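So this one's my_file.cif, mmCIF, C-alpha atoms:
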```cif
data_upload
loop_
_atom_site.label_atom_id
_atom_site.label_comp_id
_atom_site.auth_asym_id
_atom_site.auth_seq_id
_atom_site.Cartn_x
_atom_site.Cartn_y
_atom_site.Cartn_z
CA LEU A 35 78.85 32.62 -101.89
CA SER A 36 81.03 29.67 -102.88
CA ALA A 37 84.31 28.76 -101.15
CA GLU A 38 86.68 27.84 -104.00
CA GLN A 39 85.80 31.13 -105.64
CA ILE A 40 87.49 33.03 -102.81
CA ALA A 41 90.87 31.42 -103.52
CA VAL A 42 90.69 32.78 -107.07
CA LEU A 43 89.36 36.19 -105.98
CA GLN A 44 92.12 36.64 -103.41
CA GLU A 45 94.70 35.37 -105.85
CA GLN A 46 93.07 37.89 -108.19
CA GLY A 47 93.67 40.49 -105.48
CA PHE A 48 90.18 41.02 -104.13
CA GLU A 49 89.87 41.96 -100.45
CA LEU A 50 87.12 41.20 -97.98
CA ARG A 51 84.19 43.59 -97.37
CA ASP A 52 80.71 43.29 -95.87
CA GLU A 53 78.78 43.02 -99.13
CA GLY A 54 81.33 40.62 -100.62
CA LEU A 55 84.75 41.04 -102.21
CA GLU A 56 86.12 44.16 -103.86
CA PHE A 57 89.16 45.07 -106.00
CA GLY A 58 90.09 48.63 -106.92
CA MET A 59 92.14 50.40 -109.57
CA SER A 60 92.81 54.12 -109.72
CA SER A 61 91.60 56.02 -112.73
CA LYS A 62 95.21 57.09 -113.22
CA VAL A 63 96.16 53.42 -113.66
CA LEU A 64 93.03 52.56 -115.65
CA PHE A 65 92.85 55.44 -118.13
CA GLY A 66 95.98 57.60 -117.75
CA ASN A 67 95.25 60.81 -119.65
CA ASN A 68 92.18 59.45 -121.45
CA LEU A 69 88.55 60.16 -120.62
CA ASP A 70 86.93 56.71 -120.49
CA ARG A 71 89.19 54.75 -122.84
CA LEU A 72 91.24 52.19 -120.91
CA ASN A 73 94.90 52.05 -121.61
CA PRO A 74 95.94 48.78 -123.34
CA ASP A 75 97.83 47.35 -120.38
CA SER A 76 95.03 47.97 -117.89
CA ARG A 77 92.60 46.44 -120.35
CA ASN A 78 94.78 43.32 -120.37
CA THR A 79 94.99 43.17 -116.56
CA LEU A 80 91.21 43.50 -116.47
CA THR A 81 90.64 40.92 -119.23
CA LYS A 82 92.69 38.45 -117.21
CA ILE A 83 90.65 39.17 -114.09
CA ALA A 84 87.39 38.83 -116.03
CA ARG A 85 88.48 35.43 -117.33
CA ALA A 86 89.59 34.17 -113.91
CA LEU A 87 86.22 35.13 -112.41
CA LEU A 88 84.18 33.63 -115.26
CA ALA A 89 86.22 30.48 -114.82
CA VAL A 90 84.99 29.94 -111.23
CA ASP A 91 81.45 30.80 -112.33
CA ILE A 92 81.02 34.05 -110.42
CA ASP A 93 77.35 34.99 -110.59
CA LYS A 94 77.67 38.79 -110.63
CA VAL A 95 80.22 41.59 -110.76
CA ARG A 96 79.31 45.16 -109.84
CA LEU A 97 81.47 47.96 -111.24
CA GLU A 98 81.32 51.26 -109.35
CA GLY A 99 82.97 54.38 -110.75
CA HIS A 100 84.11 57.26 -108.54
CA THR A 101 85.54 60.77 -108.79
CA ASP A 102 86.94 63.26 -106.30
CA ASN A 103 84.93 66.45 -105.61
CA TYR A 104 86.76 68.75 -108.09
CA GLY A 105 84.61 70.07 -110.95
CA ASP A 106 80.99 70.00 -112.03
CA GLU A 107 78.99 67.52 -109.95
CA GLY A 108 76.93 66.37 -112.93
CA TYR A 109 79.88 65.84 -115.25
CA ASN A 110 81.66 63.97 -112.43
CA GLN A 111 78.55 61.83 -112.02
CA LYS A 112 78.51 60.98 -115.72
CA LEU A 113 82.27 60.46 -115.93
CA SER A 114 82.18 57.90 -113.13
CA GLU A 115 79.40 56.05 -114.97
CA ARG A 116 81.32 55.95 -118.26
CA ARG A 117 84.49 54.79 -116.50
CA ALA A 118 82.68 51.96 -114.73
CA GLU A 119 81.12 51.13 -118.10
CA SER A 120 84.60 50.91 -119.67
CA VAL A 121 85.60 48.31 -117.10
CA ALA A 122 82.27 46.55 -117.69
CA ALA A 123 82.86 46.28 -121.43
CA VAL A 124 86.10 44.39 -120.66
CA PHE A 125 84.01 41.81 -118.78
CA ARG A 126 81.46 41.52 -121.62
CA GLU A 127 84.22 41.13 -124.21
CA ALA A 128 85.79 38.40 -122.07
CA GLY A 129 82.46 36.57 -122.14
CA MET A 130 80.38 37.57 -119.15
CA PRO A 131 76.73 38.23 -120.03
CA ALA A 132 75.33 41.70 -119.59
CA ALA A 133 72.62 40.30 -117.33
CA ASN A 134 75.34 39.37 -114.80
CA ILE A 135 76.97 42.85 -114.74
CA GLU A 136 75.68 45.89 -112.82
CA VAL A 137 77.13 49.37 -113.48
CA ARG A 138 77.01 52.39 -111.13
CA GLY A 139 78.59 55.80 -111.30
CA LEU A 140 78.83 57.25 -107.80
CA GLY A 141 80.38 60.61 -108.65
CA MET A 142 81.96 62.19 -105.58
CA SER A 143 79.55 60.71 -103.08
CA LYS A 144 81.54 57.74 -101.71
CA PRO A 145 85.12 58.92 -101.10
CA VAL A 146 87.84 56.68 -99.69
CA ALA A 147 90.28 59.47 -98.79
CA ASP A 148 90.43 63.17 -97.91
CA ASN A 149 89.68 65.45 -100.87
CA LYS A 150 91.79 68.15 -99.24
CA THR A 151 95.06 66.83 -100.62
CA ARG A 152 95.98 66.12 -104.22
CA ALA A 153 96.91 62.54 -103.25
CA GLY A 154 93.63 61.92 -101.43
CA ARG A 155 91.74 63.06 -104.51
CA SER A 156 93.82 60.74 -106.72
CA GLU A 157 92.85 57.87 -104.45
CA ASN A 158 89.17 58.82 -104.73
CA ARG A 159 89.23 58.67 -108.57
CA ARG A 160 88.83 54.93 -109.06
CA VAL A 161 86.69 52.05 -110.27
CA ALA A 162 85.79 49.28 -107.83
CA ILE A 163 85.07 45.73 -108.97
CA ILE A 164 82.66 44.19 -106.48
CA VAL A 165 81.58 40.57 -106.20
CA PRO A 166 78.51 40.65 -103.91
CA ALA A 167 77.98 37.87 -101.40
CA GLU A 168 74.27 37.28 -102.16
CA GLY B 34 104.91 57.13 -153.15
CA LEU B 35 101.53 55.45 -153.54
CA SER B 36 100.49 52.44 -155.62
CA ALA B 37 97.52 51.06 -157.55
CA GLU B 38 97.33 47.99 -155.31
CA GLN B 39 97.27 50.42 -152.40
CA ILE B 40 94.41 52.26 -154.10
CA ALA B 41 92.38 49.11 -154.72
CA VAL B 42 92.51 48.34 -150.99
CA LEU B 43 91.79 51.92 -149.92
CA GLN B 44 88.69 52.04 -152.13
CA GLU B 45 87.17 48.75 -150.92
CA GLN B 46 87.92 49.96 -147.39
CA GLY B 47 85.78 53.02 -148.20
CA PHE B 48 88.44 55.72 -148.61
CA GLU B 49 87.62 58.55 -151.03
CA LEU B 50 89.67 60.86 -153.21
CA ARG B 51 90.86 64.15 -151.68
CA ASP B 52 93.56 66.73 -152.25
CA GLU B 53 96.99 65.15 -151.92
CA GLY B 54 95.55 62.00 -150.23
CA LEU B 55 92.69 59.63 -149.50
CA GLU B 56 90.26 59.92 -146.59
CA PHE B 57 87.81 57.80 -144.65
CA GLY B 58 85.42 59.48 -142.23
CA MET B 59 83.24 58.16 -139.40
CA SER B 60 80.96 60.14 -137.07
CA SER B 61 81.63 60.35 -133.35
CA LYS B 62 78.12 58.89 -132.99
CA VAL B 63 79.17 55.66 -134.71
CA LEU B 64 82.69 55.46 -133.25
CA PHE B 65 81.95 56.45 -129.65
CA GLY B 66 78.17 56.41 -129.09
CA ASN B 67 77.55 57.64 -125.52
CA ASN B 68 81.21 57.21 -124.58
CA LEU B 69 83.83 59.92 -124.17
CA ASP B 70 86.90 58.67 -126.03
CA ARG B 71 86.39 54.88 -125.69
CA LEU B 72 85.35 53.30 -128.99
CA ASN B 73 82.30 51.06 -129.16
CA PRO B 74 83.36 47.40 -129.58
CA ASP B 75 81.92 47.13 -133.10
CA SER B 76 83.61 50.33 -134.35
CA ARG B 77 86.89 49.24 -132.78
CA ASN B 78 86.64 46.00 -134.80
CA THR B 79 85.77 47.89 -138.00
CA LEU B 80 88.80 50.13 -137.44
CA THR B 81 91.05 47.14 -136.69
CA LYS B 82 89.95 45.59 -140.00
CA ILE B 83 90.79 48.75 -141.94
CA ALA B 84 94.14 49.07 -140.16
CA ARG B 85 94.99 45.49 -141.11
CA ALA B 86 93.99 46.08 -144.74
CA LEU B 87 96.32 49.12 -144.97
CA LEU B 88 99.22 47.41 -143.23
CA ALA B 89 98.83 44.50 -145.65
CA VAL B 90 99.58 46.81 -148.57
CA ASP B 91 102.29 48.55 -146.46
CA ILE B 92 100.70 51.97 -146.00
CA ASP B 93 103.64 54.12 -144.85
CA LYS B 94 101.73 56.94 -143.11
CA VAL B 95 98.29 57.63 -141.68
CA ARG B 96 96.99 60.86 -140.21
CA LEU B 97 94.03 61.06 -137.83
CA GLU B 98 92.08 64.29 -137.31
CA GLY B 99 89.45 64.79 -134.60
CA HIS B 100 86.67 67.38 -134.76
CA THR B 101 83.76 68.58 -132.64
CA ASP B 102 80.85 70.92 -133.21
CA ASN B 103 80.75 74.37 -131.58
CA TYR B 104 78.71 73.61 -128.44
CA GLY B 105 80.37 73.94 -125.07
CA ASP B 106 83.83 74.92 -123.98
CA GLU B 107 86.19 75.42 -126.90
CA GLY B 108 89.07 74.25 -124.69
CA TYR B 109 87.44 71.00 -123.62
CA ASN B 110 86.30 70.46 -127.22
CA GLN B 111 89.86 70.58 -128.54
CA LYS B 112 90.98 68.22 -125.81
CA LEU B 113 88.01 65.96 -126.56
CA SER B 114 88.81 65.93 -130.28
CA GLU B 115 92.48 65.21 -129.61
CA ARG B 116 91.58 62.34 -127.25
CA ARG B 117 89.16 60.87 -129.80
CA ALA B 118 91.66 60.89 -132.65
CA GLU B 119 94.12 59.27 -130.25
CA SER B 120 91.56 56.53 -129.65
CA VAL B 121 91.63 55.79 -133.37
CA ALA B 122 95.44 55.90 -133.40
CA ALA B 123 95.68 53.26 -130.68
CA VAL B 124 93.67 50.88 -132.91
CA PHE B 125 96.30 51.40 -135.61
CA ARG B 126 99.14 50.84 -133.18
CA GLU B 127 97.56 47.66 -131.80
CA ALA B 128 97.02 46.33 -135.32
CA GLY B 129 100.77 46.70 -135.99
CA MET B 130 101.32 50.19 -137.31
CA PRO B 131 104.41 51.91 -135.79
CA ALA B 132 103.78 54.94 -133.63
CA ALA B 133 106.17 56.88 -135.91
CA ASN B 134 103.88 56.44 -138.93
CA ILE B 135 100.81 57.97 -137.25
CA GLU B 136 100.05 61.65 -136.77
CA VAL B 137 97.26 62.75 -134.42
CA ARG B 138 95.57 66.18 -134.52
CA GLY B 139 92.55 67.50 -132.65
CA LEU B 140 91.09 70.45 -134.54
CA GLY B 141 88.26 71.02 -132.06
CA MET B 142 85.64 73.25 -133.64
CA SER B 143 87.82 74.75 -136.34
CA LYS B 144 87.04 72.65 -139.47
CA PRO B 145 83.28 72.00 -139.74
CA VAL B 146 81.79 69.89 -142.54
CA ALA B 147 78.22 70.87 -141.75
CA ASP B 148 76.40 73.98 -140.63
CA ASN B 149 76.13 73.48 -136.82
CA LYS B 150 72.82 75.38 -136.90
CA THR B 151 71.06 72.01 -136.70
CA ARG B 152 71.48 69.08 -134.27
CA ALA B 153 72.04 66.91 -137.35
CA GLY B 154 74.62 69.36 -138.71
CA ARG B 155 76.42 69.28 -135.37
CA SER B 156 76.47 65.45 -135.19
CA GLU B 157 78.01 65.41 -138.65
CA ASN B 158 80.74 67.79 -137.47
CA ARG B 159 81.52 65.43 -134.60
CA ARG B 160 83.86 63.04 -136.40
CA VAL B 161 87.36 61.63 -136.87
CA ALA B 162 88.98 61.52 -140.32
CA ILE B 163 91.49 58.83 -141.39
CA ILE B 164 93.90 60.44 -143.86
CA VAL B 165 96.34 58.50 -146.05
CA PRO B 166 98.43 61.26 -147.70
CA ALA B 167 100.01 60.99 -151.13
CA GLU B 168 103.59 61.91 -150.15
#
```

For the structure just supplied, provide its representation as structure tokens.
Amino acid sequence: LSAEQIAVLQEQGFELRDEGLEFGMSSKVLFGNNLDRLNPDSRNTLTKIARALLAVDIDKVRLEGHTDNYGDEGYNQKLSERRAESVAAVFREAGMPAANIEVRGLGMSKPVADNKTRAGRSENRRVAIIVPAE
Amino acid sequence: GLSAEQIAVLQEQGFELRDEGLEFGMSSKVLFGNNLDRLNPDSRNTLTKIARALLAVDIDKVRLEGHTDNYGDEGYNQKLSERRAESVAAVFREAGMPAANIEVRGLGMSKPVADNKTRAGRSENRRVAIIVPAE
């Protein structure tokens, strides 16, 4: 729960939540037309975030993958896992140990917008980077 | 338009003789593991190393061909195979090869190198081929 860490997190773009601090990127930004391969630029943005967080000795990051509710529920479950794993590999490659990374795929079960509209579904397809408080 | 010094490097990189070119093949199991089109870190490094070796001897053209087995939707499979050959292309672009010198094809299920009757014959069919043509 340290204090100086927040200044980096916020400067990294994290926002405040109950569990801790969270930063989100849409799957459109992260992967474009790919399945779970990150596009080079997003990988670089992520690498920079991973290194800023390591630098202030963050204890844990949790990566949570999400989809909208369009398509097979099981495939969407697995796709959200693989996409959160792609973000997690960026953290490992930047030097964070596996033991300090948790990965979850949520599928369609934790939406942040209305799946009625094409834009709401694009919002719901995302990976969240969470720094828990405890 | 191909040289002996180019051959020496292709061989030690693991390329083999084929019609009108040289080819290096890896299974989707080794390149991607459990992933969709993201390469495992160790296979990405292996591919980077090959790409550097071919750029060093100024390889003018590379073609990348993605294949699947026959299980599941033929449409998804062709998309999958295209996306997985594109994953290999991006390694070659990052290592310095121009986009113009790279040709990416997903052949889906259409060109199998094993039977597909067996789980092992299917895994073999899941693959990407790195083709250095002669002309």

Seminar exercise, completed: With distances taken over all atoms listed in the file, the candidate from A:78, A:103, A:151, A:60 nearest residue 127 of chain A is A:78

Please report as JSON lines every residue of chain B lying within 6 Å of chain A, along with the nearest atom pair and their distance in Å (one decimal), using all atoms listed in the file.
```
{"residue": "B:69", "atom": "CA", "partner": "A:70", "partner_atom": "CA", "distance": 5.8}
{"residue": "B:70", "atom": "CA", "partner": "A:71", "partner_atom": "CA", "distance": 5.5}
{"residue": "B:71", "atom": "CA", "partner": "A:71", "partner_atom": "CA", "distance": 4.0}
```

Problem set entry | Close residues, segment 132-138 of chain B itself excluded, 12 Å, all atoms listed in the file, min 2 positions apart in chain, as JSON, numbers by chain | {"B": [84, 88, 91, 92, 93, 94, 95, 96, 97, 98, 99, 100, 111, 112, 113, 114, 115, 116, 117, 118, 119, 120, 121, 122, 123, 124, 125, 126, 127, 128, 129, 130, 140, 141, 143, 144, 161, 162, 163, 164, 165, 166]}

For this session: Given the file shown, enumerate the residues that the PyMOL selection byres ((chain A and resi 142) around 6) captures and present them as a list in words.
Result: residues 101, 102, 103, 141, 143 and 144 of chain A

For residue 36 of chain A: contacts at 10 Å, only C-alpha atoms, fewer than 6 positions along chain excluded, given as a PDB file with C-alpha atoms, in the frame of the given file:
```pdb
ATOM      1  CA  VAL A  90      84.990  29.940-111.230  1.00  0.00           C
ATOM      2  CA  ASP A  91      81.450  30.800-112.330  1.00  0.00           C
ATOM      3  CA  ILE A  92      81.020  34.050-110.420  1.00  0.00           C
ATOM      4  CA  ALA A 167      77.980  37.870-101.400  1.00  0.00           C
TER       5      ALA A 167
END
```

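The coordinates place atom CA of residue 163 of chain A at 13.9 Å from atom CA of residue 130 of chain A.
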
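Residue nearest residue 61 of chain B, chosen from B:158, B:151, B:36, B:79 and counting all atoms listed in the file: B:158.
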
Exercise. Nearest to residue 62 of chain B: which of B:37, B:149, B:85, B:76 is it, counting all atoms listed in the file?
Worked result: B:76

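Counting from atom CA of residue 81 of chain B, the distance to atom CA of residue 52 of chain B is 25.1 Å.
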
Got a sec: who's within 9 Å of residue 157 of chain B, counting all atoms listed in the file, leaving out chain neighbours fewer than 5 positions off, as a PDB file with C-alpha atoms, in the frame of the given file?
```
ATOM      1  CA  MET B  59      83.240  58.160-139.400  1.00  0.00           C
ATOM      2  CA  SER B  60      80.960  60.140-137.070  1.00  0.00           C
ATOM      3  CA  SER B  61      81.630  60.350-133.350  1.00  0.00           C
ATOM      4  CA  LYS B  62      78.120  58.890-132.990  1.00  0.00           C
ATOM      5  CA  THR B 101      83.760  68.580-132.640  1.00  0.00           C
ATOM      6  CA  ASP B 102      80.850  70.920-133.210  1.00  0.00           C
ATOM      7  CA  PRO B 145      83.280  72.000-139.740  1.00  0.00           C
ATOM      8  CA  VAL B 146      81.790  69.890-142.540  1.00  0.00           C
ATOM      9  CA  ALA B 147      78.220  70.870-141.750  1.00  0.00           C
ATOM     10  CA  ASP B 148      76.400  73.980-140.630  1.00  0.00           C
ATOM     11  CA  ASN B 149      76.130  73.480-136.820  1.00  0.00           C
ATOM     12  CA  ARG B 152      71.480  69.080-134.270  1.00  0.00           C
TER      13      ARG B 152
END
```

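Separating atom CA of residue 107 of chain A from atom CA of residue 106 of chain B is a distance of 16.6 Å.
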
Save segment 71-105 of chain A from what I just supplied, as a PDB file, in the first residue's frame, atoms limited to N, CA and C atoms.
```
ATOM      1  N   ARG A  71      -1.893 -11.985 -29.915  1.00  0.00           N
ATOM      2  CA  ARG A  71      -0.617 -11.317 -30.112  1.00  0.00           C
ATOM      3  C   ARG A  71      -0.822  -9.814 -29.957  1.00  0.00           C
ATOM      4  N   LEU A  72      -0.003  -9.187 -29.118  1.00  0.00           N
ATOM      5  CA  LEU A  72      -0.054  -7.741 -28.953  1.00  0.00           C
ATOM      6  C   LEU A  72       0.529  -7.049 -30.179  1.00  0.00           C
ATOM      7  N   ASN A  73      -0.020  -5.878 -30.517  1.00  0.00           N
ATOM      8  CA  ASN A  73       0.718  -5.194 -31.568  1.00  0.00           C
ATOM      9  C   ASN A  73       1.951  -4.488 -30.990  1.00  0.00           C
ATOM     10  N   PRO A  74       3.032  -4.390 -31.791  1.00  0.00           N
ATOM     11  CA  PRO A  74       4.309  -3.848 -31.304  1.00  0.00           C
ATOM     12  C   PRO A  74       4.205  -2.607 -30.434  1.00  0.00           C
ATOM     13  N   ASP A  75       3.397  -1.636 -30.855  1.00  0.00           N
ATOM     14  CA  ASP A  75       3.337  -0.377 -30.127  1.00  0.00           C
ATOM     15  C   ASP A  75       2.745  -0.577 -28.748  1.00  0.00           C
ATOM     16  N   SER A  76       1.651  -1.337 -28.671  1.00  0.00           N
ATOM     17  CA  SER A  76       1.026  -1.607 -27.381  1.00  0.00           C
ATOM     18  C   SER A  76       1.961  -2.387 -26.483  1.00  0.00           C
ATOM     19  N   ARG A  77       2.741  -3.288 -27.070  1.00  0.00           N
ATOM     20  CA  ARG A  77       3.722  -4.010 -26.283  1.00  0.00           C
ATOM     21  C   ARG A  77       4.733  -3.049 -25.689  1.00  0.00           C
ATOM     22  N   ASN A  78       5.083  -1.997 -26.425  1.00  0.00           N
ATOM     23  CA  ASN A  78       6.058  -1.034 -25.924  1.00  0.00           C
ATOM     24  C   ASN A  78       5.466  -0.181 -24.813  1.00  0.00           C
ATOM     25  N   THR A  79       4.222   0.276 -24.999  1.00  0.00           N
ATOM     26  CA  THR A  79       3.510   1.014 -23.956  1.00  0.00           C
ATOM     27  C   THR A  79       3.421   0.192 -22.683  1.00  0.00           C
ATOM     28  N   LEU A  80       3.115  -1.096 -22.829  1.00  0.00           N
ATOM     29  CA  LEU A  80       3.028  -1.997 -21.693  1.00  0.00           C
ATOM     30  C   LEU A  80       4.393  -2.223 -21.055  1.00  0.00           C
ATOM     31  N   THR A  81       5.422  -2.507 -21.870  1.00  0.00           N
ATOM     32  CA  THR A  81       6.778  -2.675 -21.340  1.00  0.00           C
ATOM     33  C   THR A  81       7.186  -1.487 -20.483  1.00  0.00           C
ATOM     34  N   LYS A  82       6.893  -0.284 -20.951  1.00  0.00           N
ATOM     35  CA  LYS A  82       7.223   0.910 -20.186  1.00  0.00           C
ATOM     36  C   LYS A  82       6.468   0.949 -18.863  1.00  0.00           C
ATOM     37  N   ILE A  83       5.195   0.579 -18.877  1.00  0.00           N
ATOM     38  CA  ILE A  83       4.431   0.523 -17.636  1.00  0.00           C
ATOM     39  C   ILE A  83       5.002  -0.543 -16.707  1.00  0.00           C
ATOM     40  N   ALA A  84       5.319  -1.719 -17.249  1.00  0.00           N
ATOM     41  CA  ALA A  84       5.878  -2.773 -16.408  1.00  0.00           C
ATOM     42  C   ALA A  84       7.138  -2.291 -15.715  1.00  0.00           C
ATOM     43  N   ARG A  85       7.986  -1.557 -16.436  1.00  0.00           N
ATOM     44  CA  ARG A  85       9.259  -1.128 -15.873  1.00  0.00           C
ATOM     45  C   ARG A  85       9.075  -0.026 -14.840  1.00  0.00           C
ATOM     46  N   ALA A  86       8.080   0.844 -15.033  1.00  0.00           N
ATOM     47  CA  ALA A  86       7.813   1.891 -14.054  1.00  0.00           C
ATOM     48  C   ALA A  86       7.319   1.294 -12.748  1.00  0.00           C
ATOM     49  N   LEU A  87       6.496   0.249 -12.843  1.00  0.00           N
ATOM     50  CA  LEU A  87       5.926  -0.392 -11.666  1.00  0.00           C
ATOM     51  C   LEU A  87       6.976  -1.207 -10.915  1.00  0.00           C
ATOM     52  N   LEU A  88       7.753  -2.016 -11.646  1.00  0.00           N
ATOM     53  CA  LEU A  88       8.886  -2.708 -11.040  1.00  0.00           C
ATOM     54  C   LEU A  88       9.772  -1.736 -10.297  1.00  0.00           C
ATOM     55  N   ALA A  89       9.986  -0.563 -10.889  1.00  0.00           N
ATOM     56  CA  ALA A  89      10.921   0.396 -10.330  1.00  0.00           C
ATOM     57  C   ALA A  89      10.501   0.845  -8.929  1.00  0.00           C
ATOM     58  N   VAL A  90       9.187   0.973  -8.672  1.00  0.00           N
ATOM     59  CA  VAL A  90       8.738   1.396  -7.344  1.00  0.00           C
ATOM     60  C   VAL A  90       8.357   0.181  -6.512  1.00  0.00           C
ATOM     61  N   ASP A  91       8.740  -1.011  -6.985  1.00  0.00           N
ATOM     62  CA  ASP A  91       8.726  -2.219  -6.162  1.00  0.00           C
ATOM     63  C   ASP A  91       7.300  -2.663  -5.844  1.00  0.00           C
ATOM     64  N   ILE A  92       6.403  -2.479  -6.816  1.00  0.00           N
ATOM     65  CA  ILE A  92       5.050  -3.001  -6.707  1.00  0.00           C
ATOM     66  C   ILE A  92       5.116  -4.487  -6.412  1.00  0.00           C
ATOM     67  N   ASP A  93       4.324  -4.923  -5.435  1.00  0.00           N
ATOM     68  CA  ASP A  93       4.332  -6.310  -4.993  1.00  0.00           C
ATOM     69  C   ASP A  93       3.600  -7.254  -5.944  1.00  0.00           C
ATOM     70  N   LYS A  94       2.536  -6.794  -6.599  1.00  0.00           N
ATOM     71  CA  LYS A  94       1.665  -7.681  -7.360  1.00  0.00           C
ATOM     72  C   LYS A  94       0.940  -6.867  -8.419  1.00  0.00           C
ATOM     73  N   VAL A  95       0.840  -7.412  -9.631  1.00  0.00           N
ATOM     74  CA  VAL A  95      -0.125  -6.944 -10.618  1.00  0.00           C
ATOM     75  C   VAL A  95      -1.066  -8.093 -10.947  1.00  0.00           C
ATOM     76  N   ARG A  96      -2.340  -7.765 -11.115  1.00  0.00           N
ATOM     77  CA  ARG A  96      -3.352  -8.708 -11.564  1.00  0.00           C
ATOM     78  C   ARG A  96      -3.858  -8.251 -12.926  1.00  0.00           C
ATOM     79  N   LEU A  97      -3.791  -9.146 -13.901  1.00  0.00           N
ATOM     80  CA  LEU A  97      -4.263  -8.882 -15.249  1.00  0.00           C
ATOM     81  C   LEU A  97      -5.567  -9.644 -15.450  1.00  0.00           C
ATOM     82  N   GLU A  98      -6.614  -8.916 -15.828  1.00  0.00           N
ATOM     83  CA  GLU A  98      -7.946  -9.476 -16.011  1.00  0.00           C
ATOM     84  C   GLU A  98      -8.384  -9.218 -17.445  1.00  0.00           C
ATOM     85  N   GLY A  99      -8.641 -10.287 -18.188  1.00  0.00           N
ATOM     86  CA  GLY A  99      -9.113 -10.183 -19.554  1.00  0.00           C
ATOM     87  C   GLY A  99     -10.631 -10.250 -19.624  1.00  0.00           C
ATOM     88  N   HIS A 100     -11.206  -9.518 -20.575  1.00  0.00           N
ATOM     89  CA  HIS A 100     -12.655  -9.450 -20.723  1.00  0.00           C
ATOM     90  C   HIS A 100     -13.054  -9.528 -22.194  1.00  0.00           C
ATOM     91  N   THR A 101     -14.251 -10.062 -22.444  1.00  0.00           N
ATOM     92  CA  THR A 101     -14.914  -9.935 -23.739  1.00  0.00           C
ATOM     93  C   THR A 101     -16.298  -9.330 -23.556  1.00  0.00           C
ATOM     94  N   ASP A 102     -16.941  -9.019 -24.686  1.00  0.00           N
ATOM     95  CA  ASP A 102     -18.365  -8.708 -24.706  1.00  0.00           C
ATOM     96  C   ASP A 102     -19.124 -10.024 -24.607  1.00  0.00           C
ATOM     97  N   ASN A 103     -20.418 -10.042 -24.955  1.00  0.00           N
ATOM     98  CA  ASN A 103     -21.213 -11.265 -24.870  1.00  0.00           C
ATOM     99  C   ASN A 103     -21.554 -11.856 -26.238  1.00  0.00           C
ATOM    100  N   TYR A 104     -20.801 -11.497 -27.280  1.00  0.00           N
ATOM    101  CA  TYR A 104     -21.030 -12.002 -28.632  1.00  0.00           C
ATOM    102  C   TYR A 104     -20.146 -13.218 -28.865  1.00  0.00           C
ATOM    103  N   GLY A 105     -20.768 -14.368 -29.141  1.00  0.00           N
ATOM    104  CA  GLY A 105     -20.070 -15.583 -29.530  1.00  0.00           C
ATOM    105  C   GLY A 105     -20.139 -16.653 -28.452  1.00  0.00           C
TER     106      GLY A 105
END
```
